[PDB]
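Understanding the architecture of this molecule
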Amino acid sequence: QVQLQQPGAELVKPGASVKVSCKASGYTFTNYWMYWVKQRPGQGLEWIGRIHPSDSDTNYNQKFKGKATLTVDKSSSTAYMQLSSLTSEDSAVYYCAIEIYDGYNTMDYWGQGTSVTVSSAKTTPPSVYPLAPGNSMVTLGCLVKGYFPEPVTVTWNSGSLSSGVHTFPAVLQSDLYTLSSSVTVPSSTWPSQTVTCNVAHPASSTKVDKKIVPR
Amino acid sequence: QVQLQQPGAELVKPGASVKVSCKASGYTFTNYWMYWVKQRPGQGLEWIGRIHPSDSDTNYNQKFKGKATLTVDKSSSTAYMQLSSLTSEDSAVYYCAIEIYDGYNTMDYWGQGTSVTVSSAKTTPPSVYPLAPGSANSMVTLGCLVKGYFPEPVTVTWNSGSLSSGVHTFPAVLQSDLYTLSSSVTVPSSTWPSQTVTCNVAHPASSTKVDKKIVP
Amino acid sequence: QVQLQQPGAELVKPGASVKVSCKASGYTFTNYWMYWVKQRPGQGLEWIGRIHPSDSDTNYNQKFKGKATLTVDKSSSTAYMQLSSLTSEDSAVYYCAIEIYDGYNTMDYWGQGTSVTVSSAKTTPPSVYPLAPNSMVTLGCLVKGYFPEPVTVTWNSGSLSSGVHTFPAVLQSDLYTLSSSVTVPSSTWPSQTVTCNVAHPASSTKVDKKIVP
Amino acid sequence: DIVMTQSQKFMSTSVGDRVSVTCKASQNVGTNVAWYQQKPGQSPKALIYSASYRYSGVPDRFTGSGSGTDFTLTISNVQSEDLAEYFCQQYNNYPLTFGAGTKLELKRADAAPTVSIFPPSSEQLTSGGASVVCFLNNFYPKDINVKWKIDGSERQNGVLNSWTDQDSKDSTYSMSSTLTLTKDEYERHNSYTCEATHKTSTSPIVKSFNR
Amino acid sequence: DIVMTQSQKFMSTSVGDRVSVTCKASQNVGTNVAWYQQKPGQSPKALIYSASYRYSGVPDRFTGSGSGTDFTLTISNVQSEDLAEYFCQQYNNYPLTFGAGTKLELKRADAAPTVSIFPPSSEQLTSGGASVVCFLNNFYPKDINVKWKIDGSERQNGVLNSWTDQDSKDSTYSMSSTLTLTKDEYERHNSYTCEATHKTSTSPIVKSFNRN
Amino acid sequence: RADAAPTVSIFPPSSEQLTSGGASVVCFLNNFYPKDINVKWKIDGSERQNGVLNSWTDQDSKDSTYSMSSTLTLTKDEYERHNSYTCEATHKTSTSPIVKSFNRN
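Residues numbered from 1 in each chain as written, not as in the entry; some residues may be left out. Chains lettered and ligands numbered in written order. Part of a larger assembly, values for the part shown. Heavy atoms only, no water. Residues with missing side-chain atoms left out of burial classes, pairs and counts.

In terms of determination method and resolution, the entry is listed under X-ray crystallography at 2.0700 Å.

The PDB entry annotates chain D as Antibody light chain of Mus musculus. Listed in the archive, the entry goes by the title "Antibody FenAb136 - fentanyl complex".

Going by what the PDB entry lists, chain A is known as Antibody heavy chain and is assigned to Mus musculus.

Now the structure itself:
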């Protein structure tokens, strides 16, 4: 299967540099242009540039002339975008993407996007707290408090519990992020069965599974 | 699951330095004190120091101030203890440990310990020889000779851990800069030689994993 | 693998009959004598008889001569023991057993035993009730009002076997009731799920009861 | 550079009905216009290329039209799963430029919030902090007022509010409100009340607990 | 530094009985005292904190008591699985200091050793060396003597002996004795004998094999 | 083996059982020695013997101790007519009985 693997988050100090990777697999790496898109938080999409891994031919957006440099490593089938002289305006999600037309259909494939955060603050892993109640349905919750930087992934019962889930956007407060997640299940499900909130913070290599225990 | 992950062993030349790693997972790395304990071969426990990974605040045993340095890497949730100017007295097992009180119960969590050996000798993988009884009871004793390795430790299991009862694994003995230990298992005569009995030996210091079948 | 498969229980009316089966597998059925042993609940071992599946040659205890009948079915590798005119004295566990010497070792093989209950009462499945309440915590499982014996009680499908006390059943008005306790670390419960698994093959009952706070 | 306008920042319709987006290009871009869909938290998804051609897997409900400078994206039989931001983009000249984006909104009847309150967990209390969490789930419209009361006195500090986007299942909204105190301050009071004021009723929805 | 003095280096009892190990602090440490259990080859395990409170999973058989300078760890209903070294620790003052450790022993009846001898494997003979191994398993008490005879002649050069700790199942001891020779010297003789002298018999337990 | 005091645990009737109009209060007395032991049931301080059934395990295959489960079975009406349910264990390991109890409330 065609895949574009991108790391989750990159925390880089101001003035420093960073190299964002995009590992391709499942197709001929040197056959399709590799596009790079930047999206700042709560903003729109911006085109950074494109590169053809065959001969490293590039088309740049003049805005990112001295900011971004696209390279490829054909031995590993990996594309790279190096960002230099990092500022707060460079904090964004960076996507790599390709477009394949096989002579029958046209498909687009995107990486998950790398959340580059430019800050002098250090990484802080989240503190995961259970939200258990003190009806035909019951609402359970999960408090993911005091982490940095973005993002975190929250799932319920390793993704097996998806309906009735509300995961709330993270809010930045006192240099730290905090979010919460609620899940509503039949009263015959909890507390008879296990309900687990799975929190993943890749910037700190953190994976915490917190079960919602009745008291 | 809360886990502390330490490498099994490290072989360092005298006067050099070594950085022991303790990789944490399953909990908020910056919420609990990281403790370090030293145990020399055959001796008791000694407290080296503790470090709080939130702000790298440290408490050091004054005996180890110039010797041990505790750091953390929050981006990988890993604690490090660096030992410098290593001497023979620094050959020991070094544990990392944490203590979690969750408002209900108090649990302790320990790494397996890293066996640090300060020596100028090089690594030698073990030779594993089967101990099969002589030609021609209701129970038969088999064995396994793990000879001529360095440094400690080695792990010995039978049938990948399936055979645990009736097992005697003997402590290693140091002779001529080489370690030797042995292991015996006693099984029913209906088990051997009708079924395979395998001595699994792992020596991490040499990336060695040998599975030696006991053949009649 | 050599094994002897017997049903766990049989409920038969007074004066009626029962036919205990012993399904043999993993070996040549017609090469070894098949033995039958009776054990009243709380008593000793009694020998009923033996039968060779090769030609149905039999040796009987004279005590069970007029009551027990031994037969074999070679097409199904199954031995049978039939009892007739059942009385309350015939309520017991009945074992089939063989002995195999292969020139090197002598192995014995036993069936699980068939609990034969001679009663006019009808089968009743058990009601399984959870028992929920330091460094250790004791949980419990109440298996009330079943008939006849036996029931099989495990914890976490057998994965929880240390610290378990399964108490013998008591009889009251043609109904049995037993309880089982388990002591686990405080970090295990209520954090992780602990399940009481109760099997009653006489009523084709399999109930899994999780211990919920 | 060539500028893609998209005059509307929000488009509104009902489930089952249709919507449309215009995209104005500063110069003639021929038919080299693409349309992307971006649901919250996901990567962009290409819907249309060459003004009117769909990518594989894009349903008939999405139709692109236009040539020259006036391009339109039309979504018919709109369902709650279509809640996303939609961008136009020209690839006729370099550099490649995107539109500002148009977010889809779905109209529906009012719905009162289901409110649930949660005291601080025993685990957090060992850290020296105490967060009280109030969930306000599946309400419409998105405007809502939440107040916290401690023993009758209102607290409008140490509160963290967060709203979900429009729900991809029933087009409702949800809100999380977290009142964070120190453990000492928490144990110095008894009643903790969460009051939700929504246009569905003049009487607030009150959830409270006594510690 | 505070000196945590465990008066006894060894504590003994029988299975099912009770044992108590004391620990003496040189200064008043209040109740900020912890106890640890370490079975052979394993990481230490915390049993007691705050002098008398159990960590989760620690059975109630382990109880702690004392305040100030005198502290006591008591193990009730002792089983073979409780064979370990037990350390007291003070964390009232810095630096944190442990005791010297008290090793638990279990008294039991005598047991004669089960003796097995093993000729050098054909695999080892390709290396130019030859090791003869003798296992002496499940004996009590620990004192035992092994003599290697090569063609009826005692050989004590090249003998490697190793003793296990008390077994965690039946509280017995086991010993492994290896006699290592060169390949050429092993083939220069025929009778190889492992003789076990233990207080359970006036006559040694003899196991021999002939290289033929 | 040496004498050992029992570990006493009391359990009120489950809500699942109360739907059936029956109620069983279970008391566990685990890992004691010797086998001789006396259990007194106190309902609102009054000793009750009617409806009490006892069961002893065989000698434990690990520590050679004994265990015993005492179950007081009454009707749901008789259950909710009282409040204090107490399990008292008298053993030779101590003159004072080990008292485990609960209240309905």
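Back to the write-up after that little detour.
**Considerations on the interface of chain D and chain A**
Condition: The contact definition used throughout considers only heavy atoms, calling two residues in contact when any of these lie within 4.5 Å. What counts as buried area is the accessible surface, traced by a 1.4 Å probe, that two parts surrender upon association, with contributions from both included. Every case where a carboxyl oxygen of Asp or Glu lies within 4 Å of a side-chain nitrogen of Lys or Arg is listed as a salt bridge. Polar contacts, as counted here, are pairs of nitrogen or oxygen atoms within 3.5 Å of one another; within protein the pair requires one atom able to donate a hydrogen and one able to accept it, and residues that are adjacent in sequence qualify only if both atoms are side-chain atoms. For this classification, the nonpolar set comprises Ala, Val, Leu, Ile, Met, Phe, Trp, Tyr, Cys and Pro, the charged set comprises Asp, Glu, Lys and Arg, and every other residue, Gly included, is treated as polar.
On the side of chain A, 39 residues touch chain D, which itself brings 39 residues to the contact. Taken over both partners, the interface formed by chain D and chain A buries close to 3200 Å², and the fraction arising from carbon and sulfur atoms is 63%. It is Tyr94, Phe118 and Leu160 of chain D that lose the most area in chain D upon contact with chain A, and together they represent 17% of the buried surface on that side. Here chain D is connected to chain A by zero salt bridges. Linking chain D to chain A there are 13 residue pairs in polar contact. Taken together, the residues of the side of chain D that touches chain A break down into 17 nonpolar, 18 polar and four charged.

**What about empty space enclosed by the protein?**
Put simply, the test is: Whether a set of points on the 1 Å grid over the protein atoms alone is a cavity depends on a 1.4 Å probe fitting there but being unable to get out, while an open set qualifies as a pocket with protein on both sides within 12 Å along at least five of seven lines; lining residues are those with an atom within 4 Å of a point. Grid points are joined across faces, edges and corners, and a volume is the space filled by probe spheres set on the points.
One number sums up the size of the largest cavity: a volume of about 160 Å³. As for the largest cavity, its lining consists of 20 residues, and the residues nearest its centre are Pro191, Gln193 and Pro214 of chain A together with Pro190 and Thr193 of chain C. For the lining of the largest cavity, the class distribution of residues is twelve nonpolar, six polar and two charged.

**What to know about the domain arrangement of chain D**
Residues and elements named next belong to chain D. What counts, and what does not: For the purposes of this description, domain bounds are those given by an automatic or database domain assignment.
Annotation of chain D at the domain level lists domain 1 (10–106) and domain 2 (114–210). A C-alpha centroid distance of 38 Å is found between domain 1 and domain 2. Taken together, the contacts link eight residues of domain 1 with ten residues of domain 2. Of the roughly 520 Å² buried at the junction of domain 1 and domain 2 (both faces included), carbon and sulfur atoms supply 36%.

**Describing the domain arrangement of chain A**
All names here are of chain A. One can read the domain layout of chain A as domain 1 (3–118) and domain 2 (127–211). For domain 1 and domain 2, the distance between their C-alpha centres works out to 31 Å. Taken together, the contact between domain 1 and domain 2 spans five residues of the former and five residues of the latter. Between domain 1 and domain 2, roughly 360 Å² of surface is buried when both sides are summed, and carbon and sulfur atoms account for 81% of that area. The interface formed by domain 1 and domain 2 includes zero residue pairs in polar contact. Grouping the amino acids of the side of domain 1 that touches domain 2 by side-chain chemistry returns two nonpolar, three polar and no charged.

**Side note on the pairing of strand β1 (residues 7–11) of chain F**
All names here are of chain F. Selection rule: Whether a residue is buried, partly exposed or exposed follows from its accessible area with a 1.4 Å probe, protein chains only, as a fraction of its type maximum: under 20%, in between, or over 50%, in that order. In this description a helix means any DSSP run of H or I spanning at least four residues, a strand means any run of E spanning at least two, and both kinds are numbered starting from the N terminus. Strand pairing is assigned whenever DSSP identifies at least 2 bridges connecting the two strands.
Most of β1 sits out of view: four of its five residues are buried. Here five bridges tie β1 to strand β2 (residues 22–32), and the two strands are oriented antiparallel to one another. From the neighbouring strand, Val8 faces β2, where its bridge partner is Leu29.

**Considering the sheet that holds β2 of chain F**
All names here are of chain F. Note the cut-off: Axis definition: a line fitted to C-alpha atoms, over the contacting stretch in the case of helices. Angles run 0 to 180 degrees between N-to-C directions.
One open sheet accounts for four strands, arranged β1-β2-β6-β5; its pairing is antiparallel. Of all the strands in the sheet, the pair left with one neighbour each is β1 and β5 (52–56). Sheet twist, expressed as the mean angle between neighbouring strand axes with direction ignored, is 15 degrees.

**Things to note about the environment of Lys122 of chain A**
Its place among the elements puts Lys122 of chain A in the loop between β11 (114–118) and β12 (127–131). Under the relative-accessibility criterion, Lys122 of chain A is labelled exposed at 59%. Taking the C-alpha atoms as reference points, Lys122 of chain A and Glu89 of chain A, separated by 33 residues in sequence, lie 19 Å from one another. Ignoring sequence-local partners within four residues, the contact set of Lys122 of chain A consists of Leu11 and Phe148 of chain A together with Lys74 of chain B.

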